[PDB]
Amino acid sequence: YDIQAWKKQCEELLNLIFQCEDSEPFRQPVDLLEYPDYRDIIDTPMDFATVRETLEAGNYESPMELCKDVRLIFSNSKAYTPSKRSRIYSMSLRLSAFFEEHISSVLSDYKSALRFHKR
């Protein structure tokens, strides 16, 4: 029932994401020189270094907030892709499936710890 355990669990999950090849297009903010119309379609850019830095700065209060920002990386990729068969969008779908598979226990354990605290 460790209320703070989600933080290190999220740091480890971000390490796994950074290690895999599929994360390369999403590790740093999108390069507007590579994609000049990016901010005409995407309102809020997000990338894994910004998520990691926000976590390390102590600027997430819960794993749900981290999960919302990681989900925004994937929804931005889906909104920007000209095709659902594109290379970069295909990488985002694989990364999203891996992320969701692992974040589920982080969220469940955190919410369980809070309930135990408020029992």
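In this text, the rigid core denotes the largest set of C-alpha atoms whose superposition between the two forms falls within 1.5 Å. Quick note: we count residues from 1 along the sequence shown, nothing fancier.
Superposing on the core and measuring CA offsets in 8 other deposited structures of this protein, the stretch of 63 to 71 and 28 to 36 with the greater mean deviation is 28 to 36. Core-fitted comparison in 8 other deposited structures of this protein shows that, between 77 to 85 and 90 to 98, the CA atoms farther from the shown form belong to 77 to 85. In this entry, 38 to 46 shows the higher mean Cα temperature factor of the pair 22 to 30 and 38 to 46. Once the C-alpha B-factors are averaged per stretch, 75 to 83 and 47 to 55 rank with 75 to 83 first. In the deposited entry, the Cα temperature factor of residue 7 sits in the bottom third of values across the chain's modelled residues. Sort the modelled residues of the chain by CA B factor and residue 96 lands in the lowest third.
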